[PDB]
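This is the structure I want to talk about, given as structure tokens.
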Amino acid sequence: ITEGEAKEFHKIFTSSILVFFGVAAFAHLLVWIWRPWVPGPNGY
Amino acid sequence: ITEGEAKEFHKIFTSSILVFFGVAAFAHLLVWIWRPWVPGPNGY
Amino acid sequence: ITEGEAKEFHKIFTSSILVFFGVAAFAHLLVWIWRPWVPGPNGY
Amino acid sequence: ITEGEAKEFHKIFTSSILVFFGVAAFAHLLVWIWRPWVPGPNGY
Amino acid sequence: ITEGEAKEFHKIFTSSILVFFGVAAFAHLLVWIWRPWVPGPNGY
Amino acid sequence: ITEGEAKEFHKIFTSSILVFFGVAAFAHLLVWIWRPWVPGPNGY
Amino acid sequence: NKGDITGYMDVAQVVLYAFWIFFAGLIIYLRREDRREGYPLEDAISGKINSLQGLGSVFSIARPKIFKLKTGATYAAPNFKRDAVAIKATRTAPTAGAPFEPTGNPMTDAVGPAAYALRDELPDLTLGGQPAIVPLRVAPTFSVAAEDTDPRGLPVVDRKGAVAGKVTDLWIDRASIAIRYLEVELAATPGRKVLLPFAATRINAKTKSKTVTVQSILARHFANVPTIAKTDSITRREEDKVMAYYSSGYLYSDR
Amino acid sequence: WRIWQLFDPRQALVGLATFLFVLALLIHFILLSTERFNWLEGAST
Amino acid sequence: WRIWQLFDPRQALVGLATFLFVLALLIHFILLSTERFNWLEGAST
Amino acid sequence: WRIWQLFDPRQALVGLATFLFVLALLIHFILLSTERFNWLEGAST
Amino acid sequence: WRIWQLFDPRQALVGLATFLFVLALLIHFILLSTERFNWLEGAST
Amino acid sequence: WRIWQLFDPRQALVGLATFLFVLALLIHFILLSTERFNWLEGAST
Amino acid sequence: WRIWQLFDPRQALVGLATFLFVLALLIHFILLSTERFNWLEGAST
Amino acid sequence: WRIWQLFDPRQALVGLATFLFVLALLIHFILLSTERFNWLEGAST
Amino acid sequence: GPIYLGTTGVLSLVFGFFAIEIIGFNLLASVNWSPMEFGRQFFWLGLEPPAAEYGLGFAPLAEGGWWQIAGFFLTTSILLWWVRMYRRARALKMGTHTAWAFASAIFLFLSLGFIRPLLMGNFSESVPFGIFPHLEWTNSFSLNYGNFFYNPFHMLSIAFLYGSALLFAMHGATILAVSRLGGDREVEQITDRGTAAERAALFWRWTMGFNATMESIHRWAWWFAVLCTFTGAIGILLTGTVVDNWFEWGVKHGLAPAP
Amino acid sequence: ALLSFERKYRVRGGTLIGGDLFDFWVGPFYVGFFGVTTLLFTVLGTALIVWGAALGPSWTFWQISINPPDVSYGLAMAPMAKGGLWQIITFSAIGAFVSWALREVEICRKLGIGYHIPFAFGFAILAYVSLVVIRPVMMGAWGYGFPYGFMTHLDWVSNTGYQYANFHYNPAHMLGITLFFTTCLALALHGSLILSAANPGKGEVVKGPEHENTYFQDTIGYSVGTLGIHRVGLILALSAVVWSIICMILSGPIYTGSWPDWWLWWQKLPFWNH
């Protein structure tokens, strides 16, 4: 694998990773509004 | 293996995956109309 | 095999898939008129 | 093994499959006359 | 297998299969006379 | 294994392990606010 | 009184004792078959046929069986062909159980791990009668799998890092498909080629050369590897000699 | 009609016969299992 | 006779006879395993 | 239209037919399992 | 578009089809197992 | 960017995708096992 | 600060990530095994 | 410092890491077994 | 690959395929044709043999008749496979040792399935077709007939099974040890004894006092493997027919103190 | 007495420890320092087993039994009349097995062959140790080791396997059974093929690797090879022993419940849980 190939893989790979993390964060936010998963002192 | 053919493959792959995702979204909308899958705090 | 044979193969494949899907749709229509498969709120 | 033999095969195969399907249809007609297999609303 | 050998084998095969089917049909007729195997509305 | 490329590893490896440890420390701090794991004389 | 034969004997016990008798006979037969090679036992010192045996010596050694080979020759087992009593070693003690000490170079004298059996001076033959083990030059049809690394052209190194030579050919087996020997061109005395067993050579993986490491012997021992008469076939005796010389490295390499 | 140049005639016919017989035997076994269509037992309807 | 140019007569006959014998044996066993059609242990109709 | 250059038409058709047959058999078995859609037994609605 | 030069579009497509079919079958079996979403055996909502 | 110099980008993509899918499947099955987060047969909070 | 001459970088990075992942999975399962730190079930302090 | 020529400076590090990690795991599991030092459950003195 | 079936292979395959189809169809019908329930209970599904009241005759299809048909077809398929492996060895101008070693396993299979039920008069205690059903048949057989641990032929079968494992662990290890001397060419070593065979025999002699040859070790292995199933079949046949309680037999014959 | 080819192999050297002192043969047996230790431990253990038999109630060989100390003793060494004899015999047997393996290593060194044979015997030693040392140690008492008796160890096997309702349902025990049956089947096949090639019938010529491969290809569809079969057999036997060790480690140290009840997870899977 050449240097330019590695750099291209890198930039579009982090470009695809940012979208993946954004989608995961949005889904987890929706799940949190649905039902939070961190119990309180007394519990749920 | 060749750039132009792979590019047109991406074109037809997008044209197919968009249709697939649209069909899946329509089916999921119909299923949500039938019976939603997110219970409330009191349940279903 | 060859390109013209591929033309013919695509033609016959489209015709056969059309007849297959038409028969499937007609069978599903008959089954739906016999007994539908989407339950109501209380059941069937 | 040749296309000229393929003509004759396809002819004989069409004749044989037609005979097979005709026999199957006649047997199915006899079985349906004896006892139908599609139940009414209140079972059989 | 020569053409003549195939034709003669086909002739012998047809004669033998016709004799076999005739014997089977006679046996089935005898068995049906003894005890039929298709139940009526009220069973046997 | 060249010394220069090995040093470049060492540098980026150190940066990445520092990021990993910072994230782990943040998570452990959040869990500590949530529910500490060190009991007192009377327990939890 | 279901299975009772007598007051105490019963059918299960009778069948068990019948099996015991049969198993004793079977052990006798299996030992008979075991004694088809190397027997009768010889005296440790004199070499005369003498051993401590009982009344079962009549049944101990079976009549020689004949193996018919596709080449027309026959091999008898037991063949009663003993090795020479005198060997190039001397016992450390006059006792029968004392070990032997090599007089000179054990690797060349072929004693201990360097010893080999006097097999037939004939190469192994395939179903078609052609020699089984030949170099890849004589067998153009065979080839090494593309997923594997061709040992040809790879340096041959020992356990101490000394380079012994380079692989110039591979010796294959046509009967059972496998690589049997590696033809190595020695660095010292250029033009001299020695055979190298494949089973005693491991590939060193990621060394950027995949050096074919030989843990058996050192680099200086490659010059004394036994030679072969023919350049395209190897006899069974020469095969054994080469494998025996290589197998003795673990014991006589540092001596 | 040129299907037999694609698929070997002998293997095609043999596999078709095996598959058809397997399907027929399975359907007959199912009919024997059911009560209404068990012609050998002959339950009333 | 066209069929016998593709299928070898020996193999075809050997396979057909085996299949027919196995089928006949299975059918006879099935009949023997029924109350109505068991001829060796005949009961009333 | 370019699928028959990319994929082998001889293997693709066999695989598709096997997949469709397996899916149809599975769905029919599930229907036989269900009480409402068991056409052979015919439970009342 | 670059994907298809490194990943063969003959193996990627087959893997995608098999994985998607397996996932769809798994989800459908889960839905059949569950009581609320079992459409073949309709229970109360 | 040198991570792709050390590791094959194709193999890295395949392994990362497989690991992510297996982890997602495991977490989904764990949630289904739990009573609170079982979104199919949902129970009251 | 030159460990990477001794150990192969690829094997080191494919052996240190697996170790960390397995340790994280083990610690998460251990936390699930305790009443206090089980965030899925949920209990009092 | 000559012990690093005596022993492989790679196998030595690997064996030492594997020994220290296993010792740490054993001690931590022993502490988890003990009631006084079980930080997860957290029993009172 | 290049599998030679022949007429005997075709027969055996047809018979075994019919038996497999019958067993699978019965298993699937037991769960009312549910693929989901079939996957759920696949281990627990089984095709039970007929009850004792039917004797050796044909039981009704829903009450063991399918089991009888499937068992007979499977037995015929296995016997035809034995004939096949006899005829292949004869065709290749080789010995029938493989066929005569398979004969011992066939003897045990028939003793479990057909011969012992023939002696006892009914198929009630035959082995059902199913993983957990046949494990439970094993457990219930041992429990009903005293303790199988106390069956001397079960003892011998276990001893020969352990001996088969021990002998293969010895033989494979020895051949790998002498693999650098051409030991894997076993028939070539038998025909012309080499240093590999010599060193293997000498190692075992210096270890445990006695040794075998490159052919006689395979004779040992063959006889151990055959005797395992042969002694086991003898024990199965003698269980219940002549000995109703193996623990009581052992108590009578000194294997255990009297309760 | 020597074989017809033993004198040239009976050479000096190859000892791991002891030097020339023990480099000698007594009859066919190679002695070695580890052989001297093997004789020491064998005589000690056999004499103590006979002593336990004398202390016992019967002289019947089947009913002779040396029992481990009671579970109440824990891991503490017990009095010789209350299981201490069993502990001494256990450790003497362990020493004898280790010395036998090291003697085999010395013989391998002397003959210049591989160590696969002592390596494989190490798995048998490991299984024995797991049964008498590792499992009782992780279980908390020496009383969980099997008694040294012809019948009482079988009674121990029965009781231990019925403590978990049904041992047939132990997942690793199923794999051990599968590999044990496969080892016997493969041994029968290998011996049969080698004997059929070496003895092709009266009046026939000895066959070779071609015929050996062709026979099993024609019959079952594939072959393994000349050395692949031995590697497969060794791996099968060792895997059977390893999975037996795993099932015994799982049964009681890790899992204490009913093995038949352990299988409910399969019926509780989400895609079938109805």
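In order of appearance the chains are A, B, C, D, E, F, G, H, I, J, K, L, M, N, O and P, and numbering begins at 1 in each one.
Just so it is clear, a contact is a pair of C-beta atoms (placed from the backbone, for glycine too) under 8 Å apart; a residue touches a chain by one contact, two chains touch by 3 or more.
For reference, the UniProt names are A, B, C, D, E, F = Light-harvesting protein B-870 beta chain; G = Photoreaction center protein H; H, I, J, K, L, M, N = Light-harvesting protein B-870 alpha chain; O = Reaction center protein M chain; P = Reaction center protein L chain.
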- Task: Would you identify the chain whose C-alpha centroid lies closest to the centroid of all protein C-alpha atoms displayed?
- Result: O
- B-K, A-M or A-L - pair sharing over half of the F-N contact pairs: A-M
- Message: Averaging over Cα atoms per chain, report the distance between chain G and chain H in Å.
- Response: 59
- Note on the structure: When centres are defined as mean Cα positions, the distance from chain B to chain D in whole Å is 39
- Query: Quick one: chain C and chain L, Cα centre-to-centre, how many Å?
  - Reply: 35
- Task: Compute the distance, rounded to whole Å, between the mean C-alpha positions of chain G and chain K.
- Result: 58
- Interface hub residues of chain E, defined as touching at least two other chains: 37-38, 44
- Item | Per-residue multi-chain contacts in chain G, two or more chains | 37-38, 67, 69, 115, 117, 176, 247
- At which residue positions does chain K touch at least two other chains? 2, 9, 29-30, 32-33, 35-37, 40, 42, 45
- For the complex, which residues does chain F have touching chain N? 37-39, 41-44
- Message: Which residues of chain B touch chain K once you look at their complex with the stated criterion?
- Response: 1-3, 6-7, 9-11, 13, 35, 37, 44
- Note on the structure: The answer for chain J against chain C in the complex is residues 1, 3-5, 9, 36-37, 45
- Query: Which positions of chain M touch chain L when the two form their complex?
  - Reply: 9-10, 13, 40-42
- Within the complex, chain O is touched by chain P residues 3, 5-6, 9, 25, 27-30, 57-58, 60, 62-63, 103-104, 107-108, 110-117, 119-120, 123-124, 151, 154-155, 157-158, 166, 168-169, 180, 183-201, 204-209, 211-212, 214-215, 217-222, 226-227, 230-238, 240-241, 263, 266-267, 269, 271-272, 274
